[PDB]
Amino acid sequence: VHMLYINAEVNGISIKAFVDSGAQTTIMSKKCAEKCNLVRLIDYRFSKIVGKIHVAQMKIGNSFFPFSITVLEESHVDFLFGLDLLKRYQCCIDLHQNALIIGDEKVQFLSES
């Protein structure tokens, strides 16, 4: 079984978000943080946790959401969309249509490609 991913822009960068209902908090790898020019945003008063990003822009389809990220030193996925965000947006994970419903957007999960 392939994991669940959607396309998203975080702070205007196109990435692949691993959708994970078993995760309390949306998180991102330090390597991904670099790749999105987000290192400057990092509040280092948090801390293996690199830090916290209080405000970042999520672009999903043609919708825009503020969200927070926790940056980890090393992580298996680069970007992990968590339950925090899922519950906040009363998103629907429909594995019948194979898409994520988040407000007026319906975004398909990617195939292994």
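Note that residue numbering begins at 1 and tracks the sequence as displayed.
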query	finding
Residues of the deposited sequence left unbuilt between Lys48 and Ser47	4 to 9
Stretch with the higher entry mean CA B-factor, where the candidates are 104 to 112 and 4 to 12	104 to 112
Of 52 to 60 and 68 to 76, the one with larger mean CA B-factor	68 to 76
Assigned third (lowest, middle, highest) for the C-alpha B factor of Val39	highest
